[PDB]
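# Notes for the structure review
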Amino acid sequence: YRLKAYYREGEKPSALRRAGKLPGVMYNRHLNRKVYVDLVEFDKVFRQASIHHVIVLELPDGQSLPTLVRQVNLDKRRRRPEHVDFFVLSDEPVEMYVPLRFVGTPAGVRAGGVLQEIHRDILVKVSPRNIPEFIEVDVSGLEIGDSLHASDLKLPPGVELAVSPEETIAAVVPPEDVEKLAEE
Amino acid sequence: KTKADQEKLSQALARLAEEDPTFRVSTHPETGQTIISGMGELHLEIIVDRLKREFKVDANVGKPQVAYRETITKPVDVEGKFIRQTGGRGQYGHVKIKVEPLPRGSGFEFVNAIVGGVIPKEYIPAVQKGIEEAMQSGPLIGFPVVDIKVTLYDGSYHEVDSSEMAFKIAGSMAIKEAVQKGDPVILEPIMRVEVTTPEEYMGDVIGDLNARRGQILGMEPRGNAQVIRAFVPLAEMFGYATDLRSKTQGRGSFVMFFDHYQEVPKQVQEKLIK
Amino acid sequence: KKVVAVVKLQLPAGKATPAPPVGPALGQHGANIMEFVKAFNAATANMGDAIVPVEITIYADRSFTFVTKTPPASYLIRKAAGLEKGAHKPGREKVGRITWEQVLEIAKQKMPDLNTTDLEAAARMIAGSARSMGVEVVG
Amino acid sequence: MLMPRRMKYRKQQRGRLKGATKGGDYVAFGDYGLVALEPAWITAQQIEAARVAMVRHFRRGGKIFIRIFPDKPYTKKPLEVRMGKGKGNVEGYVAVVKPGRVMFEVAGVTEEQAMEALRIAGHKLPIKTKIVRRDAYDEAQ
Amino acid sequence: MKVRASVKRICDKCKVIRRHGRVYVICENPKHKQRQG
RNA sequence: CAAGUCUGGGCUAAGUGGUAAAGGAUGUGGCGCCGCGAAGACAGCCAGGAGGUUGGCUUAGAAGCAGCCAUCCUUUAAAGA
Ligand SMILES: [Zn+2]
């Protein structure tokens, strides 16, 4: 991914919104410079890209660094990304959220109930070198009942989860059934 | 109307039934009210003028009632006690039974389930005539509580106080309550009908019958016509002539027979609480 | 003296009554509505059940004719699995089964009807009717 | 219905509704959600009326999450009575909802159904609402 | 479904007309024949 | 009723203006993204629109067309169990 971004002198971070552009700022343990990018192209990329796949930013200084949207603050009353936070990756291993891929239909798929993505994103770590992706999770032998969590999964050539493990990644629960009444 | 007219009416047919034996008079064997057998709307209609005019009788003209039945769903077991010990004709009778619903069309079955003889030999006849009896007025509306099996599996007694009768009551109590307890259900009458109709009209013929709480059963062709069989409730079956002859401009004819009794759609349960 | 016909009725095995649709369509046929319950149940006295399609054609002198097709592809498959009824809910519940050959054997029995002139294609029409009645294919 | 089970104070003051939402302005659970456009007081009944018809519409469907929770005592003096004499008794409860707040959200259902059950819900509610999907609702801890 | 405040399409064959500043809605089944008011 | 029927650009066609809400709408202008695009599209005409097979279960009977499921195959230019 790419994204045209420019430096900001620091003048009217709100005159940019009205302008049309989204005020930003990228950084890391070395440098932090205030920036800003157009929305169109940020919706169009963040809409997809998100915080799983890196975004190489192109600045007027030839540079085109790799970063992960560590944070996107909103406008609550009407959601409109109002300011990002690009973390400039390096070589040093750093933490991010790798997407989980539920590949396999469980038993609640014939019985009933619903797969619950109680946590479709895990906090692992690894050198920006190894850019893993959808970390497949196995499902099938699951029926409206217990579930699975911990770190029971295919951890690529260097990924070393930074959660617990213990956090309930996902579970299957009882469907809502019209004919059900408890009040009385 | 008042028993007064109930007479002018007797004479009504006493001469009208000779001047036209193309009808039939019948006293509903279950509820006083009398039926007036006709051969088409108009028929009974114009009798209603003469029988009311040239006989000056002035009664009511609504529709027949339905011979309902009472029964239950769940099997129950309750105590039948009586005892009245104050000083002499003690009156001491008491029994326990096993009430259990039977298939809609089972009948009446009791069970002499007494081991050694905790309940003397001579008193069982009467403890039955008591149960058999009580079943007369249902727990819901008061109709022949039927389609069940009864089991007398216990009950004690007293050497001097007991009586043939004292037991007929105790047993008439055990029953008078098992039905109240086993969740009652207002059964009703279902008929067998066969409308002979040219499959021309058939289409709606079947429809109309469906929208009559009835459920269709078949149509094996006949002559140039075609016959339809099915069940229906006598309530939603009144004045059918002038309804069949409607969906058929006259080319329609039917018969009718009884079959079984069956639960009312609940919505018709609280309906009948009259 | 009624007019002519290529009647495409659909009568089962055994039930041969002059009763419609063997009446309105074969009333302009002069059809021996009873030279079927004999000519048919003679050849199908072997099978026993299964419907048998038929095309009864009339002419001028008031005579008829009729050629029959094969029994539903769902028939031979019910006996070839100890079945009678499908499986109520196809797919998830298997109540019997047919091998990769037992399907390729049936596609032979009805190959002169479908359309394809193969078996890798024909058999699939059979293997398709497998999940149509919940009868997996032994493989 | 729904409501607090215990309480330190049986009665509490009105207060005023402002903008913002303070939180719960993002998904986090289901796949599709319904959000408030105007600020207000949703009664327990209002909620229930919805949650129900919500489920009703898709008999045997996925899971519905009521992301809001009433807990503000609704007061009311008896009918035909003058001012004073203290406060009023409780009537029901309400949850103070503000714009940008995710009121409910469904999980595990065809989009067609999700976008419908929600549409109905919105009708039982006294305020205008929007149906959101799940894009940038990533990371909001 | 003649006069009303919420006039909509009750089956594809319906058509949202607007003759005379009034949103009418016509179809093949005289039942859908609406009109806002 | 004292002082511009003032100048340049834009919207509104109900007298809106000249005081009301949810909720309706091919209103009317204006920005947008995303599909099909003359290796023939939109409306369009004449065409075909099938055979396994009335899929299986259920039912009085369900044959694409109550309703459960299931949704594979086929000969094709293409035709959904
Ligand atoms: Zn319409």
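Note that residue numbers begin from 1 in each chain and follow the written sequence, not necessarily the entry's scheme, while residues that lack coordinates are absent from the view. Lettering for chains starts from A, numbering for ligands starts from 1, and both go in the order in which the items are written. Consider the displayed chains a part of a larger assembly; each reported value belongs to this part rather than to the entire assembly. Values shown for side chains rest on all heavy atoms present in the structure; no hydrogens or waters enter the calculation. Residues with missing side-chain atoms are left out of burial classes, side-chain pairs and their counts.

The record names X-ray crystallography as the way this model was obtained, at a resolution of 3.6 Å.

Spelled out, the test is: UniProt positions are given in the numbering used here, feature names are shortened, and annotations may be inferred rather than shown by experiment.
The annotation that UniProt attaches to chain E under Subunit is "Part of the 50S ribosomal subunit." Under Sequence similarities, UniProt gives the following word-for-word description of chain E: "Belongs to the bacterial ribosomal protein bL36 family."

The PDB entry lists chain A under the name 50S RIBOSOMAL PROTEIN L25, from Thermus thermophilus. In UniProt, chain A has this text filed under Function: "This is one of 3 proteins that mediate the attachment of the 5S rRNA onto the large ribosomal subunit." Per its UniProt entry, chain A bears the Sequence similarities comment "Belongs to the bacterial ribosomal protein bL25 family. CTC subfamily."

### A few points about the protein's contact with RNA strand F
What counts, and what does not: For this description, a residue counts as near a given molecule or strand if any of its non-hydrogen atoms is within 4 Å of it. Any pair of N or O atoms that falls within 3.5 Å is considered a polar contact. Within protein, one atom must be able to donate a hydrogen and the other to accept it, and sequence-neighbouring residues count only if both atoms are side-chain atoms. Helix and strand assignments follow DSSP, with helices taken as H or I runs no shorter than four residues and strands as E runs no shorter than two, numbered in order from the N terminus. The classification used treats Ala, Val, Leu, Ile, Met, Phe, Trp, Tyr, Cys and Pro as nonpolar, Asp, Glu, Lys and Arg as charged, and all other residues, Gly among them, as polar.
Near RNA strand F, the surroundings consist of 39 residues, among which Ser129, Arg131 and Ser132 of chain C, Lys128 of chain D together with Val7 of chain E are the closest. Side-chain polar atom of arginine 110 of chain A to a phosphate oxygen of RNA strand F: 2.9 Å apart, as the coordinates give it. With respect to RNA strand F, the side chain of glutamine 36 of chain E contributes an N or O atom lying 3.0 Å from a base nitrogen. Elements that contribute at least two residues to the surface near RNA strand F include exactly β8 (215-218) of chain B, α4 (122-128) of chain C together with β1 (15-17) of chain E. Here the surface near RNA strand F is composed, by residue class, of 15 nonpolar, 13 polar and eleven charged.

### Regarding the interface of chain A and chain D
The condition that has to hold: The criterion used for residue contact is that any of the two residues' heavy atoms lie within 4.5 Å. Buried surface area refers to the total accessible area, computed with a probe of radius 1.4 Å, that the two partners give up upon joining, counted for both partners together. The rule for a salt bridge is simple: a side-chain nitrogen of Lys or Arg has to be within 4 Å of a carboxyl oxygen of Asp or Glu.
Contacts between the two partners involve 20 residues from chain A, matched on the other side by 30 residues from chain D. Both faces combined, the contact of chain A with chain D buries some 2200 Å², and carbon together with sulfur accounts for 52% of it. If you sort the residues of chain A by the area they bury against chain D, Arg79, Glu176 and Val178 of chain A come out on top, with a joint share of 30%. The interface formed by chain A and chain D holds three salt bridges in total. Here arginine 47 of chain A ties to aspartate 135 of chain D by a salt bridge, and the two come within 2.7 Å at their closest N and O atoms. For the interface between chain A and chain D, the tally reads eight residue pairs in polar contact. The residue makeup of the side of chain A that touches chain D, split by class, is eight nonpolar, two polar and ten charged.

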